[PDB]
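[1] got a sequence here, can you model it:
(2 chains, ligands or ions: 10)
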Amino acid sequence: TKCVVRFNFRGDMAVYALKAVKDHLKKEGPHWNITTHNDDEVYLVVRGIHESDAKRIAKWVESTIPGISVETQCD
Amino acid sequence: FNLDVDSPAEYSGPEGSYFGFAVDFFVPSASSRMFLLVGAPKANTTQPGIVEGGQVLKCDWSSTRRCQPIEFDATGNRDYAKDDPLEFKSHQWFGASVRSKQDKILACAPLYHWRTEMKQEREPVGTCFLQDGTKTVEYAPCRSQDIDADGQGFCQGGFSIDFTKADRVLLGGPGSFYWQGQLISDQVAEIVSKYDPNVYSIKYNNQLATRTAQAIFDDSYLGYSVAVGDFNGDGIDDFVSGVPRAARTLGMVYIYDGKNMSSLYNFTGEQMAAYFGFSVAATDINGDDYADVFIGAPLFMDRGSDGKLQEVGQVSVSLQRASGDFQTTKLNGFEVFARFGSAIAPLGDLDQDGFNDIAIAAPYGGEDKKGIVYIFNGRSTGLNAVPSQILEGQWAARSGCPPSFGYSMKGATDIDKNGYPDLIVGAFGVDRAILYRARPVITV
Ligand SMILES: *[C@@H]1O[C@H](CO)[C@@H](O[C@@H]2O[C@H](CO)[C@@H](O[C@@H]3O[C@H](CO[C@H]4O[C@H](CO)[C@@H](O)[C@H](O)[C@@H]4O)[C@@H](O)[C@H](O[C@H]4O[C@H](CO)[C@@H](O)[C@H](O)[C@@H]4O[C@H]4O[C@H](CO)[C@@H](O)[C@H](O)[C@@H]4O)[C@@H]3O)[C@H](O)[C@H]2NC(C)=O)[C@H](O)[C@H]1NC(C)=O
Ligand SMILES: *[C@@H]1O[C@H](CO)[C@@H](O[C@@H]2O[C@H](CO)[C@@H](O)[C@H](O)[C@H]2NC(C)=O)[C@H](O)[C@H]1NC(C)=O
Ligand SMILES: *[C@@H]1O[C@H](CO)[C@@H](O)[C@H](O)[C@H]1NC(C)=O
Ligand SMILES: *[C@@H]1O[C@H](CO)[C@@H](O)[C@H](O)[C@H]1NC(C)=O
Ligand SMILES: [Ca+2]
Ligand SMILES: [Ca+2]
Ligand SMILES: [Ca+2]
Ligand SMILES: [Ca+2]
Ligand SMILES: [Ca+2]
Ligand SMILES: [Mg+2]
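    Residues are numbered from 1 along each chain as shown, chains lettered A, B, ... in the order given. Ligands and ions are numbered 1, 2, ... in the order given. The relevant structure is shown in the block below.
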């Protein structure tokens, strides 16, 4: 249905990782509510992800971009 | 004032091995004889294809003075798949961190790397070998499904370890969660019982641990150095952990509940980049039955009357009171760039006067930066700020690196069986370790 997934980017490559994840998400979900923040703590949040899509993107990130902390909250 | 520095017992290892980097004592409950445990993290082992793997040596004491390696790990790198290694033991720094309780020896390798099953990589997870009885098991609490920098992949578990009187292992892993740091505490019985050599990730039932927090805590290195003692009166040793880069690099020391990890206390340094929390210790220094907290800050700069700042190092001493309040005083170093307070080692009641005493080192002080160890006596009002004895390093640097006498110390163990606990001091820059024994004190 709908969930919220948050990705926390840390370290010297945090902004490269943010770009890599953001570009991936834009291609997988061109109309997803993708919000990013580069202020002090770098993170990306996707709202309205279609539930199963939350695991699909988390798996892609785990197997690609080294270490992004992902939190999934579903109702 | 009672250490014998005229006729010390000196031990050495292979050149370039950093023998003496870390020291402890090995005292089986009923063997009648005791051994010294001296690490040598860059030693060349006999393992099939391992370079500078590191080793722990069991050094004797009575009769002659010889050291031999302990075969905690007699093999090389296990494979995950054909022509695809599971682990990387070369340059793992095994023996960098060693602690023992009775017949239980816990020896760690903070630079051990492995690939994990999910992807091929080289993550500095850190592993420990626990040997007791006639059995050896591998303990690797940061080797799990929670991997890479956001997980425990860069934990370097075993960086700092201790034992809880409850027969639990306290392990500091400063690299967890993008260097926020993590404390992990488990039971010896679980570690030894739940062992299977075909399982890389092992879960335990009675394990306690800290958790990941907000990015504002990144690069704090919690669990850089750990200690234990009772700070709430529950009869259960609690956990003391240095966090040297915390609070805008002022440095902090955290105390957690030894039963459920709830936070109990917070100590904060005063000066930025003094690296407060580099080393911590917990001991009763005033005879009040309440553990007191000793916090090192080796890069501390002491400003003089003309406004000039001298880097000497500082140690903060806080006494625990029954109310839960702490009474804090400060002790400054004596020599510039000696880094006083970098190593703190409780000696127990060194002079048998009823109050515990403590050793504080300054590894780069003295003539030619040989290194100095200062002995400070206790009393009913807290630590006496004036040192009673000065121990100087006896060796010249041979290859750039100072002998760093006093870099690593351990006391409160009586090897010569005279009632007065002895002190073992490492000097890895010259591949040596030296044992100073405590003399009887005669009052007239
Ligand atoms: C010694 O000093 C240490 C710190 O140096 C101190 O520990 C810190 O304690 C604070 C709490 O005081 C921890 O901060 C958070 O605590 C809440 C618990 O609930 C309290 O705060 C909320 C705030 O809204 C109140 O509503 C509530 O009533 C309580 O007062 C936790 O729930 C927080 O958890 C976060 O991480 C979780 C991971 O799963 C998330 O699921 C959760 O949503 C929180 O995420 C936050 O960050 C996200 C970043 O993207 C953000 O998106 C979320 O919206 C949210 O903001 C959190 O723990 C702090 O972490 C502790 N730090 C450390 C290192 O332990 C000790 O207490 C102190 N001890 C003594 C004796 O003084
Ligand atoms: C452990 O063995 C290695 C390999 O024999 C030693 O490293 C060599 O040291 C010589 C010193 O002249 C160098 O010329 C070689 O290039 C080094 N080889 C490698 C692969 O590094 C190492 O010094 C030995 N360490 C100890 C403590 O004995
Ligand atoms: C830990 O145990 C003490 C026992 O007095 C209790 O007061 C405290 O609330 C407990 N904390 C947690 C997190 O369970
Ligand atoms: C140095 O000069 C200041 C005045 O600027 C004075 O207060 C201080 O006592 C003098 N110190 C000594 C040792 O003379
Ligand atoms: Ca860097
Ligand atoms: Ca307790
Ligand atoms: Ca006390
Ligand atoms: Ca004493
Ligand atoms: Ca003795
Ligand atoms: Mg940078």
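
[2] quick one: the strands in chain A?
    Counting by DSSP state E, residue ranges of the strands within chain A are A:3-9, A:33-37, A:42-49, A:69-74.

[3] residues in chain A within reach of ligand 2, list them.
    For chain A, the contact set with ligand 2 under C-beta under 6 Å from any ligand atom is empty. C-betas here are computed from N, CA, C, even on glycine.

[4] longest helix anywhere in chain A?
    As assigned by DSSP state H, the longest helix anywhere in chain A is helix A:14-28.

[5] show me what that helix is packed up against.
    Packing partners of helix A:14-28 (3 or more C-beta pairs under 8 Å, 6 or more residues apart in numbering or on different chains; DSSP states H and E): strand A:3-9, strand A:33-37, strand A:42-49, helix A:52-62.

[6] circling back to that earlier point, deepest-packed of the strands of chain A, please.
    Of those, the one with the most neighbours on average (mean count of other C-beta atoms under 10 Å in any protein chain shown) is strand A:3-9, at a mean of 21.

[7] just to revisit the earlier point, ligand 6: which of the strands of chain A is closest?
    For ligand 6, the closest of these is strand A:69-74, at 31.1 Å, according to C-beta to the ion.

[8] off-centre distance for that closest one?
    Chain-centre distance of strand A:69-74: 9 Å, with C-alpha atoms, centre = their mean, to the nearest Å.

[9] now swap in stretch A:64-75 and tell me
    With C-alpha atoms, centre = their mean, you get 7 Å for stretch A:64-75.

[10] for stretch B:432-444, same thing?
    22 Å.

[11] show me which positions of it end up buried.
    B:432, B:433, B:434, B:435, B:436, B:437, B:438 (16 or more other C-beta atoms under 10 Å in any protein chain shown).

[12] the residues you listed: which ones sit near ligand 1?
    Among those, no residue is within reach of ligand 1 (C-beta under 6 Å from any ligand atom).

[13] could you find the closest non-adjacent residue to residue 2?
    In the absence of a named chain, this looks at chain A. Leaving out its chain neighbours, the residue that sits closest to residue A:2 by C-beta to C-beta, 6 or more residues apart in numbering or on different chains is residue A:48, at 5.1 Å.

[14] not quite, go with chain B.
    Nearest residue to residue B:2, sequence neighbours excluded (C-beta to C-beta, 6+ apart): residue B:439, at 4.4 Å.

[15] I'd say that neighbour and residue B:422 touch.
    No. Here residue B:439 lies out of contact with residue B:422, judged by C-beta atoms under 8 Å, at a distance of 10.1 Å.

[16] can you show me the CA trace of the helix or strand harbouring residue B:227 as PDB?
    Residue B:227 belongs to strand B:225-229 when elements are defined using DSSP states H and E. C-alpha atoms of strand B:225-229 as PDB (Å, rounded to 0.1, in the frame of the first residue of the first chain):
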ATOM      1  CA  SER B 225      38.700   2.300  26.300                       C
ATOM      2  CA  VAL B 226      36.600   0.500  28.900                       C
ATOM      3  CA  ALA B 227      36.600  -0.300  32.700                       C
ATOM      4  CA  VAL B 228      34.200  -1.800  35.200                       C
ATOM      5  CA  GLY B 229      33.000  -1.200  38.700                       C
END
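
[17] wait, does it contact ligand 6?
    No. On the criterion C-beta under 5 Å from the ion, strand B:225-229 is out of touch with ligand 6, staying 8.5 Å away.

[18] which elements pack onto the very next helix or strand once past that strand?
    Using DSSP H and E, the helix or strand that follows strand B:225-229 in sequence is strand B:238-243. Applying 3+ C-beta pairs under 8 Å, 6+ apart, we find strand B:238-243 packed against strand B:182-187, strand B:225-229, strand B:252-256, strand B:280-283, strand B:292-297.

[19] need the phi and psi values for residue B:179.
    Phi and psi for residue B:179, reported as degrees, to the nearest 10, are phi 60, psi 30.

[20] count of neighbours near it?
    Number of residues near residue B:179 (other C-beta atoms under 10 Å in any protein chain shown) recorded here: 22.

[21] about what we covered before: any chance of the buried residues of stretch B:432-444 in a markdown table, with distance to residue B:293 and secondary structure too?
    Below are the buried residues of stretch B:432-444 laid out as a markdown table (distance: C-beta to C-beta, whole Å; DSSP: H, G, I helix; E, B strand; the rest coil):
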| residue | distance to residue B:293 | secondary structure |
| --- | --- | --- |
| B:432 | 31 | strand |
| B:433 | 28 | strand |
| B:434 | 28 | strand |
| B:435 | 27 | strand |
| B:436 | 25 | strand |
| B:437 | 28 | coil |
| B:438 | 24 | strand |
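
[22] residue B:397 is in contact with residue B:403, correct?
    Yes. With contact defined as C-beta under 8 Å, residue B:403 reaches residue B:397; the gap is 6.2 Å.

[23] these two: which has the busier surroundings?
    Each of residue B:403 and residue B:397 has its neighbours counted (other C-beta under 10 Å); residue B:403 has more, 26 against 15.

[24] gap between that one and ligand 9?
    Taken as C-beta to the ion, to the nearest Å, the spacing of residue B:403 relative to ligand 9 amounts to 24 Å.

[25] which residues touch that residue?
    B:370, B:371, B:393, B:395, B:396, B:397, B:427, B:428, B:429, B:430, B:432 (C-beta atoms under 8 Å, 6 or more residues apart in numbering or on different chains).

[26] hang on, the earlier thing: overlap of the contact sets of residue B:403 and residue B:397?
    Common contact partners of residue B:403 and residue B:397 (C-beta under 8 Å, 6+ apart): B:429, B:430.

[27] mind listing the residues bridging to residue 69?
    Defaulting to chain A. Here residue A:69 sits in beta bridges with residue A:8, going by DSSP bridges.

[28] my question was about chain B, not that one.
    Residues in beta-bridge contact with residue B:69 (DSSP bridges): residue B:57.

[29] what is the burial count for it?
    Residues lying near residue B:69 (other C-beta under 10 Å) number 16.

[30] surely it is in contact with residue B:44?
    No. Counting by C-beta under 8 Å, residue B:69 does not reach residue B:44; the two are 10.6 Å apart.

[31] that older thread, can you tell which of the strands of chain A is closest to ligand 8?
    strand A:69-74 (48.4 Å).

[32] elements contacting the closest one?
    Right, strand A:69-74 is packed against strand A:3-9, helix A:52-62 by 3+ C-beta pairs under 8 Å, 6+ apart.

[33] could you check the angle helix A:14-28 makes with it?
    Orientation of strand A:69-74 against helix A:14-28 (axes from the mean of the first three to the mean of the last three C-alpha atoms, to 10 degrees) gives an angle of 40 degrees.

[34] strand A:69-74 vs strand A:42-49, what angle?
    20 degrees.

[35] coming back round to it: generate TSV for the helices and strands packed on strand A:69-74, with distance to ligand 9 as supplementary columns.
    Below are the helices and strands packed on strand A:69-74 laid out as TSV (distance: least, C-beta to the ion, whole Å):
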stretch	distance to ligand 9
strand A:3-9	52
helix A:52-62	55
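
[36] among those, which is nearest ligand 7?
    strand A:3-9 (41.0 Å).

[37] follow-up on the earlier one: need the max-distance pair from the contacts of residue B:403.
    Farthest pair in the contacts of residue B:403 (C-beta to C-beta) is B:396 and B:428. Separation: 14.5 Å.

[38] residue in chain A nearest to chain B?
    In chain A, the residue that lies nearest chain B is residue A:67 (3.5 Å; C-beta to the nearest C-beta).

[39] give the contact list for that residue.
    Residues in contact with residue A:67 (C-beta under 8 Å, 6+ apart) are A:10, A:11, B:147, B:148, B:149, B:150, B:151, B:153, B:178.

[40] try 10 Å
    Contacts here follow C-beta atoms under 10 Å, 6 or more residues apart in numbering or on different chains; on that basis residue A:67 touches A:8-11, A:13, A:17, A:61, B:123, B:147-151, B:153-154, B:177-178.
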